[PDB]
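Notes for the one structure printed next.
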Ligand SMILES: Nc1ncnc2c1ncn2[C@@H]1O[C@H](COP(=O)(O)OP(=O)(O)OP(=O)(O)O)[C@@H](O)[C@H]1O
């Protein structure tokens, strides 16, 4: 009886820090809903070179990572984006199929294609170009 | 009044699921025999360098072969007179001199003496008795010194034909057959939001939140340390709080109404 | 010929604004100040030498205050000191 | 590890005053404690004397005065005598 | 409870060592109270030194310092 | 009895298997295993984290209930008078740990 | 040079953090003294001063006087459990004693 | 040249060098004068000798060659000047002086 831990509020207080970080745990950053709204509504319409900021990026917002398999996580993000976006946007939030294992399968399917063959770094390229050499692929980071 | 706990049912209790070991040592050599049978250019070893679980396998399959934490541990026994060093899941979490390859709280590798032995365990348990290409994951906007040190360990220590770095969430995007969207990926170290426009990541404006599953575990440990205030007779590890979070936490839909009437007696 | 008079006066006119204090009483209060100073400083020095440190940090002063002053006195003193050091750091 | 003590010198003095007598480790601990304690007392009072009279040096004269304040009665006179002998031998050599 | 481990016989012996011929039955509980107050004062200081030193173990030195702080210098330890 | 555990310790080992592919010419450098502060000091990317500016709903930090008012002595958000009682008689050294769990402890230096 | 802000103020204090620092440093308590130490010690000295002077003014009002004197300081230092424990072996000049007559000596 | 210890130069068994170090490194003063450790070593040696002499006598009286804590207690409490110097001091395993108050005897 003494060796028992009861959980009441910790069920809904701990996975809530993703949405209200500055109040529950004091991390002085923004919530997930507010970051998604900042990107969808204030940066992407102001970026030249793309056609439709709400009509394209809202077609597929899906959730990938391991810290996602909580009950009712996509619905919270959908209600937040529904509160932020204009009325009539075809919002459809879904998730990946194998959330903790698709990060491996995507690089498994990518590994032996022509873009990957055009993005490798061989040994003599490491001997010549140096150490911090970046083949600019559309998935990797920015070249330097 | 005896009513509020007279007809109350007996409790349904759940035990502790601590991340222990598991009784398996496979020296799997049946993958190299299939890898040497394929034509060249279509054989590569893919390593997901995850902060919670480094995964590794061959590209022509669907499940990864090795899925281990970056835990290693080295010892010296004077009662036996021998130096031990095993790594991965073979550590039991009875002895623990555990240090991790990832820095606690950030998915940037800065403990290279651990990462070298982790990669050593990977290449041993895959089977290397002798030169395949390597596709390896990293974090978003990685520091250049970490990439330099990782490339130096790949070329100089082991000897590899080629390696290429990529972002694992974007690989899971490309496997999920998307073209243009908003990838939100909550990892073990940080939660990234990355806009992708026609199979191209717009990394000039992606934003990472500094919260993750490790922060879930540590904050859960702090709240169970401060809830049970007068002293709890029990070892409060971080990993058992992580397994509490994995199966006893859910994001509530309407938080400010659910929260204020949560600790009522009725129910 | 330096004395904590000035400061005793400023504190007095903060806590009982229209009340004065006599010259003899000022002497006694100054002696009080010197005595408490000495005791705390000395206990702090001892704690330092005992822990093989060569510096009297805020943490030495805190522990000295907790050893010297009784009960509520100790608690309130710790509080005030902590508040002061915090404000100093902020500025 | 390393832990220096006065046990050596205590033993030297014992074998001058009573050559047939020994000393137990517990008694040696007490004697080690005693030497430390009275060192701290005399050095401490000499420190105060120096500070009071606005002096920065614990000279022989501070130690003498500290000894007169700290030790009772005949112990003061004898201690002051041996101290005066010691500094005389030292400075004359 | 544990204070009642300081038994009536134990207190008797201590009174005998102090030259006490006859002991009223009320002395035993008074002695326990007096002892508890003394130990609390010394242990409070000993823990205070222990905490300062960033240790979890109370040492003989912490007790000796606590006793010297309170004017009851103990020779034989340290 | 402990022979099975000893065999499990022996077979789970890296030095028991010879490294048939490690290059012995390579030598490790000492100046590794740094921190993020040190690596950022070397290069003076990863500054895309963004703060917020919005009203925050302040909850309790003893319990998880919504709490509307704090204290002068200890600066703790608290729900009602039971939690106020447990705040004003808690043993010392924990009233700072609640602000440590919430953040902005500001421990002395 | 930028304007000299007194540390007492930088601290929100009436007491002289400056002088306290001199006394700790020039006073051989140790080889090195932090800034924190002066600040904290000055604060603690102010607090106790405040308590004593407050109780003393309370006593002075109780006796309908405008001026704190030694007897007042004394009666203050003796009516508080905590100050009397802090100053339990201190004599205050011109302080006098607290009024006390045993019961057995009182008229019966 | 050959080293001559300040102890031997002063005619003392007690360590003048060690005492000098302890006076410097114990933060007692900014400066420690050359005569100070010689004087302090002389005094500590004297008082050491005085207690050990009386303790040796106490040991002899109990027909033992080893000074045990009991002998230090008997030595200290039977000399008025030691008992005034060490009045507030407790000695482990020392015991008490045999003393029954006059009115308790039959
Ligand atoms: N069934 C589940 N329910 C909830 N959470 C889970 C479940 N299974 C795993 N998790 C969480 O997923 C996390 C592991 O995520 P994962 O290992 O994919 O991140 P990662 O890819 O290593 O991160 P990074 O890319 O930063 O290295 C763990 O914190 C665990 O809490």
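Values quoted throughout were computed directly from the atomic coordinates according to the rules given, and no laboratory measurement underlies them. For neighbour counting, all protein chains shown are included, and Cβ atoms are generated from backbone atoms with ideal geometry for every residue, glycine included.
With Rh defined as the Kirkwood radius, the inverse of the mean 1/r over Cα pairs, the Rg/Rh of segment B:1-118 is 1.20. The overall shape of segment B:123-267, judged from the alpha-carbon gyration tensor, is oblate: a/c is not under 1.5, and a/b is no greater than b/c.
In terms of its C-alpha gyration tensor, segment B:207-267 comes out oblate, because a/c is 1.5 or above while a/b does not outweigh b/c.
Across H:75, H:58, H:92, mean-square fluctuation computed from a Gaussian network of chain H (C-alpha pairs under 10 Å connected) peaks at H:92. Only DSSP H runs of four or more residues enter the estimate; each adds -39500 (n - 2.57), and after division by the residues of chain B the mean residue ellipticity at 222 nm equals -7500 deg cm²/dmol.
With kT/(6 pi eta Rh) evaluated at 37 °C and eta = 0.692 mPa s, and Rh the Kirkwood radius from Cα pairs, chain F diffuses with a coefficient of 158 µm²/s according to Stokes-Einstein.
A simple spin-label model places pseudo-atoms 7 Å from Cα toward Cβ; at residue F:104 and residue B:77 they are separated by 5.4 nm. Working value for the protein assembly as shown: equivalent-ellipsoid semi-axes of 68, 39, 31 Å, each the square root of 5 times a Cα gyration tensor eigenvalue, largest first. For residue B:16, put the label point 7 Å out on the Cα→Cβ axis and report which residues of segment B:59-100 keep their amide N under 19 Å from it. So the set is B:91-98.
Quick one: among G:55, G:41, G:23, which has the greatest mean-square fluctuation in a GNM of chain G with alpha-carbon springs under 10 angstrom? Of G:55, G:41, G:23, the Gaussian network model singles out G:23 as fluctuating most.
The angle between the Cα long axis of helix D:73-92 and the main principal axis of chain D comes to about 80°, on a 0 to 90 degree scale. The alpha carbon gyration tensor of segment E:1-77 gives principal lengths a ≥ b ≥ c with a/c of 1.5 or higher and a/b greater than b/c, which makes the shape prolate. Kirkwood radius and radius of gyration were both taken over the C-alpha atoms of chain D, and their ratio Rg/Rh is 1.03.
The sum of -39500 (n - 2.57) across all DSSP H runs of n ≥ 4, divided by the residue count of chain A, sets its helix-only mean residue ellipticity at 222 nm to -8000 deg cm²/dmol.
Among C:78, C:33, C:15, the largest mean-square fluctuation in a Gaussian network model of chain C (Cα springs under 10 Å) belongs to C:15. For segment A:34-144, the relative contact order works out to 22 percent when only alpha carbon pairs closer than 8 Å and six or more residues apart are counted. Label-to-label distance for residue B:228 and residue E:77 is 3.3 nm, based on points extended 7 Å past Cα in the beta-carbon direction.
Per-residue ellipticity at 222 nm from helix content only, as computed over chain H with -39500 (n - 2.57) for each DSSP H run of at least four residues, stands at -16500 deg cm²/dmol.
Scaling against 2.2 N^0.38 Å puts the C-alpha radius of gyration of segment B:13-74 at 1.48. Spacing of the modelled spin labels on residue E:39 and residue B:100, each 7 Å from Cα toward Cβ, amounts to 4.4 nm. Taking chain E as the reference, fit the longest principal axis to its C-alpha atoms, fit the long axis of helix E:27-52 to the helix C-alpha atoms, and give the angle between the two in degrees, 0 to 90, nearest 10. Taking the Cα atoms of chain E, the angle to E:27-52 is about 0 degrees. Computed FRET efficiency, Cβ-Cβ of residue A:83 and residue B:266, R0 30 Å: what is it to the nearest 0.05? Given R0 = 30 Å and the Cβ-Cβ separation, E is 0.45. Panel note: the C-alpha atoms of chain H, placed on their principal axes, show extents of 72, 32, 20 Å (largest first). For the modelled label position 7 Å from the Cα of residue G:67 along Cα-to-Cβ, which residues of segment G:80-100 have backbone nitrogen atoms closer than 17 Å? Of the residues in segment G:80-100, G:94-95 have backbone N under 17 Å from the label point off residue G:67. Fewest-first ordering of B:92, H:39 by other beta carbons within 10 Å of each residue's beta carbon gives B:92, H:39. Rounded to the nearest 10 degrees, what's the angle between the helix C:23-50 long axis and the longest principal axis of chain C, both from Cα atoms, 0 to 90? Long axis of C:23-50 versus the principal axis of chain C: about 0 degrees.
From least to most packed, judged by other beta carbons within 10 angstrom and beginning with the fewest, D:23, E:43, G:101 follow the order G:101, E:43, D:23. What FRET efficiency comes out for residue F:74 versus residue G:58 if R0 is 25 angstrom and r is the Cβ-Cβ distance? Round to the nearest 0.05. Using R0 = 25 Å, I get an efficiency of 0.35. If you plug the beta carbon distance of residue H:96 and residue A:8 into 1/(1 + (r/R0)^6) with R0 = 56 Å, you get a FRET efficiency near 0.40. The relative contact order of segment D:1-72, computed from alpha carbon pairs under 8 Å that lie at least 6 residues apart in sequence, is 25 percent.
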